[PDB]
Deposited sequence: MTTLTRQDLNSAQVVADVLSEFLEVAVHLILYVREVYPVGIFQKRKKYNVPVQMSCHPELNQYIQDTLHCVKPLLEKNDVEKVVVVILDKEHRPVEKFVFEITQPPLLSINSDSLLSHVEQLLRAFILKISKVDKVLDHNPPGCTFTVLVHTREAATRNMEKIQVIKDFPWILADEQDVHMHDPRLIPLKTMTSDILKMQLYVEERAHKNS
């Protein structure tokens, strides 16, 4: 039997780990940028560091449903970026948390030491997000969020894992010469990731 990247157990485990990381990061971003009230969040522990978990079931299901669709792309190494876009009540993007991701074309079949230093890497990103409010201006009241996914290069509507996706428009993904705030860029044998924020200027 001939295997493709997605058939590798290691590719599936990494996809699981990264999808969970994105879930933790999305919850944290919503908390620190106050997209949802502090009242719905509860402090929990992840990667041995404090994080904030939404306790609103509907929001939690929405985030899981969304990220569950990114998992297969991660296994196939077809995801370039996952972006959390915060928009004001006028539907204008005010902040964009950009997670650029690159993965090797293959992973070892010798699964040993796969996630060796992964937690230290993910922890670094969470810590940066945790204090991002110190380098960003306060967002206006009534903001909402959307998640954008950029894939590796025909239907306008795509249904993945029973969840519908559509092409985003420059009407909600355009910022004229925005301020770029680097947060963290790290590399490892299984992943290279770069997180930065684009802020409306």
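For this chain, the deposited residues without C-alpha positions form the stretches 1, 155 to 159, 208 to 211, given in sequence order.
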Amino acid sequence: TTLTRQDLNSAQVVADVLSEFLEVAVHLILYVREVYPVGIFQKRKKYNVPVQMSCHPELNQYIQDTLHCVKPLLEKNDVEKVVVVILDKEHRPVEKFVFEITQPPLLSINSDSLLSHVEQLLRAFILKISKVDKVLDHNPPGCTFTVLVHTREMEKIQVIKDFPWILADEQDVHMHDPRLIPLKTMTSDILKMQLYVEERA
From here on, numbers count along this sequence of modelled residues.
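Mean C-alpha B-factor is higher over 87 to 95 than over the other stretch, the pair under comparison being 69 to 77 and 87 to 95. Taking the mean C-alpha B-factor of each stretch as recorded, 166 to 174 and 45 to 53 are not equal, and the higher mean is that of 166 to 174.
Which of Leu59, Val38, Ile157, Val26 has the largest Cα B-factor in the deposited entry comes down to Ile157. Of the candidates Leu121, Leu114, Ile101, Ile126, the deposited coordinates give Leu114 the top C-alpha B factor. Per-chain ranking of the deposited C-alpha B factor places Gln64 in the lowest third.
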